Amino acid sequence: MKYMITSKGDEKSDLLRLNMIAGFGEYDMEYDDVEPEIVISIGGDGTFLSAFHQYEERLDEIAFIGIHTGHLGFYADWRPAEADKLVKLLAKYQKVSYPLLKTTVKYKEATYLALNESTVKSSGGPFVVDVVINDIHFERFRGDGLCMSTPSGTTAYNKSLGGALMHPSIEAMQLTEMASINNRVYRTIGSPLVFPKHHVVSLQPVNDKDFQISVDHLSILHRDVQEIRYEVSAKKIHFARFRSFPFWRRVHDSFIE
């Protein structure tokens, strides 16, 4: 198979990267960072996100692998000392797929894919937007911002915002609030909201039309925005599985001890 390896850039990661390339050169494996079939990220969840976004155009043709040089990640969940064992097995394994989040920004119109989440915040001013679920006006939100999370991205930002952690087999999306004002005047649901496939959540500007929008790592101020559409993507990310590392055990190791 064709393959490639990205690295956090620190000493430990590049050296582990060169060792895997060296071991890969002992097999029928061509290194190609243009049309790989296997993408190996070495570093952290952050390095893995970048790896994903570098190859989001060939998602269904790639199987991803995450090696953590530092602390255990949710995407980078293979230990360095398992790299050699990883190489042999890749020389031939099952695939596990996770849901993705599609974000649409209209003015033209730009579409994005998120692996963790997309968020919306205000550009140096009060953030007020109308939330419309499947064309039905649901609430007028006033606060810092909102966050729409993929299932696997719920252990990240979503978690800090009070969202629930959801198993990646569930094809869904989760909206959480960031510091919502709630008085007699303004009213929001408060609770996080989990949407199934085909549900479309649309954020519409009330007065200001300039938002700071984020999709995973990349955060860009968008001007003259007319709408932000959130819905579970039809595309999925594919991981290569070599053993059992249950999502709930990954949660336990990361958060409980």
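One-based numbering along the sequence shown. For the two forms, the rigid core is made up of the largest set of C-alpha atoms that agree within 1.5 Å on superposition.
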property: Which of 164-172 and 179-187 lies farther from this form in 6 other deposited structures of this protein, as RMS of C-alpha positions after a rigid core fit; result: 179-187
property: Missing-residue flag, residue 196, threshold a third of other entries; result: no
property: Coordinates absent for residue 66 in a third or more of other entries; result: no
property: Unmodelled deposited residues flanked by residue 107 on one side and residue 108 on the other; result: 4 to 9
property: Deposited but uncoordinated residues in the residue 137/residue 138 interval; result: none
property: Stretch with the higher entry mean CA B-factor, where the candidates are 8-16 and 245-253; result: 8-16
property: Stretch exceeding the other in mean C-alpha B-factor - 160-168, 110-118; result: 110-118
property: Largest Cα B-factor, entry values, listed residues 42, 215, 29, 63; result: 29
property: Residue selected from 191, 204, 54, 219 by maximal Cα B factor; result: 219
property: Relative C-alpha B-factor of residue 101, binned into the chain's lowest, middle or highest third; result: middle
property: Assigned third (lowest, middle, highest) for the C-alpha B factor of residue 77; result: middle
property: Among modelled residues of the same chain, the CA temperature factor third for residue 152; result: lowest
property: Residue 178, C-alpha B-factor rank within chain (lowest, middle or highest third); result: lowest
property: Position of residue 186 among the chain's modelled residues by C-alpha B-factor, lowest, middle or highest third; result: highest
